[PDB]
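Before any questions on binding or motion, here is one chain by itself as structure tokens, the form deposited without the partner chain.
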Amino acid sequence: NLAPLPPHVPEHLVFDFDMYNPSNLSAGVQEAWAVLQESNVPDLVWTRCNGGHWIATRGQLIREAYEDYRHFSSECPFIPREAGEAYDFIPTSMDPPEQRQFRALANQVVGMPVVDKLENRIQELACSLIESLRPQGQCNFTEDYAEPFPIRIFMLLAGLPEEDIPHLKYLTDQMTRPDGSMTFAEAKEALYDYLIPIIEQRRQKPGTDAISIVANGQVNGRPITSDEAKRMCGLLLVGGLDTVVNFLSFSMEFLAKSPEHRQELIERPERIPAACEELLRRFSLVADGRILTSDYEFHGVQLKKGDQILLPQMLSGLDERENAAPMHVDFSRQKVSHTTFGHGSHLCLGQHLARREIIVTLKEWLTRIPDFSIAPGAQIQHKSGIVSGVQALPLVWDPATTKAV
């Protein structure tokens, strides 16, 4: 359905982009969004899809809106409006100033010093998954490596038992891959039902895991509440799953299809960190947004209080104004500009953990299974949304060209 054009929106700014089903998704999801950057498209447009909303199409405006939390609030960060409204995760549904110290607390459990300590456990996990796949000469990468990898890292961080993985995967999938059978609010309650008792337990008998640290933390000069701890834990769990799963999948699809780029990393593994950054730019995948706190004129366009604006993190690095020949992958790009991990006060806290997951995966995969392809006859299908992704990724290789390391 197209929503009726609100009378403050001029007709020349209307471009009916559907973020959940863009036209020619078949060409690749990044390509499908990049239609918003063709020369006849304004910097700021209105779509009548999904209830109707603004979209900033260029890196400059995306960055500016993410900086201006006074006008562009995270209270309602999702399209459609109803999903944005039910959402109470911390710190993502909060604005500064209140967000600041909640962010600080979350940083204790996923920040840089935690990542340095986790490095080897990440590597051991990646090695075990890859070795289990290696002799088979095939996998669905998305299902067989990408899905099991970040959830296992979360269990380690949060001191949760291995036996809980399938149940927790079921609860998270319900929420982030909705099939229309339940509202966000319903899926959130089912997730909270799992987390609530564990938080109770760890406030009574705290350990040294991430949930204990969060649930017993201090925020704005007082103890965190049980409610706030649950809202934080929900985000700590969800934030590192679909992003990492889908990003690894885009990266491995590209490498399967590009033996010349693959060969570059096989011959020069020291370039893998730079390659990781270039892939983060080219296969950027997140698109959330904000809600107007007041009427506001922004780059010559009148916005009204309560309008939603999609600010696609994906688009900044694809903008030719930010990076020349933006669809071309070059691992030696001198200045790799992107907002893949967002921008402003909510810039991803898990970005350091994410880069280690990516670099460790690429280094270990390329060492053990250097030569692989898309399965004969397969066509890769993408999906579009708040976190865009890969539906399935069938890969094949000759086990004789691999090595058990």
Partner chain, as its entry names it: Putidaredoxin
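Residue numbers count along the first chain shown, from 1.
A second form of this protein, the form solved in complex with the partner chain, is not displayed here; the remarks below concern that form.
Taking a 4.5 Å heavy atom cutoff to the partner chain in the deposited bound form, the contact residue among 103, 202, 281, 333 is 103. The partner is absent here, but in the deposited bound form a heavy atom of 349, alone among 349, 354, 62, 36, sits within 4.5 Å of the partner chain. Look at 266 to 274, 112 to 120, 176 to 184, 160 to 168: in the deposited bound form, residues with non-hydrogen atoms within 4.5 angstroms of the partner chain sit in 112 to 120.
Shown alone here, residue 337 lies farther than 4.5 Å from the partner chain in the deposited bound form, counting heavy atoms only. At the 4.5 Å threshold, heavy atoms of residue 371 stay clear of the partner chain in the deposited bound form, well away from it. The shortest heavy atom separation between residue 107 and the partner chain in the deposited bound form is within 4.5 Å. Contact annotation: residue 48 falls outside 4.5 Å of the partner chain in the deposited bound form, judged by heavy atom distances.
Residue 67 is the only one in 42 to 75 with at least one heavy atom within 4.5 Å of the partner chain in the deposited bound form.
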